[PDB]
Every structure is written in C-alpha cells, then in structure tokens.
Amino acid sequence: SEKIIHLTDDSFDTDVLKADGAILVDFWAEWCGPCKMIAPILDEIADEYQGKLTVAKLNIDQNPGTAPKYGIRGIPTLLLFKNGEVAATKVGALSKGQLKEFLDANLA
C-alpha cells in the first residue's frame, strides 16, 4: 500500500527535504471533498510517473506542523519539490489531464 509516501511532521525532512529528485506533496484532510476527489488521480500519477517522481501526502490535521511552513492556506494544495526546494504550486482540485500538464511542464 505504498507507492504514495504517507508523510508525517517528523518524517517530512527525510522524506521530502532530503530526497534526491522530485516529490509531489499533497496537503489534504478527510473532511475535504476536493481532496478526496483528487486521491484516485494521485494513485494513477504515482504509477504513471514512477521513476520520474514520487507522490507523498501530508494530512494537515494529523500532522499540523508542516503546512504553515509552506504558507498553505486552503486544501488541496499540491507542492512540487525538486531536491528539497519548491518548484511549482497548485491550489484546488484539478483533473488528471490538468495534473499531467502541471507535472510535465514543471519537471523539465
């Protein structure tokens, strides 16, 4: 059950900040319907982008510490990290096609 890294506040440094390569971090919560709408889409991307990218999820209620560090203000927010640095930001639900395009464009 791990293609997706399931992050915590304590593991966020190792898992994201010190990863060699691109991580796609999904800031989300259980009550958030758009967050849940995109979850299946993230599963497909995890598979599709395997070897180019890792997908990780931080649940902002269970892990309240990390989101303020990135000025997160609404969910879902997708932050693309490249080797510990944020390259791209996407706020709100989007389709698979839209996510593919956001990824393809920011991964170069």
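Numbering starts at 1 and runs along the sequence shown.
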Handout entry: Per the PDB entry, maximal CA B factor within 60, 56, 80, 72
Key = 72
Completion exercise
residue 18: C-alpha B-factor third of its chain, per the entry, is the highest
Practice task
Using the B-factor values recorded in the entry, state whether the Cα atom of residue 39 falls in the lowest, middle or highest third among the modelled residues of its chain.
Solution key: lowest
Practice task
Would you mind checking where the Cα B-factor of residue 76 ranks among the modelled residues of its chain, as the lowest, middle or highest third?
Solution key: lowest
Fill in the blank from the handout: Temperature factor at the Cα of residue 105, chain-ranked in thirds, falls in the lowest
Exercise for the section: Would you mind ranking residue 94 by its C-alpha B-factor against the rest of the chain and naming the third, lowest, middle or highest? Expected result: lowest
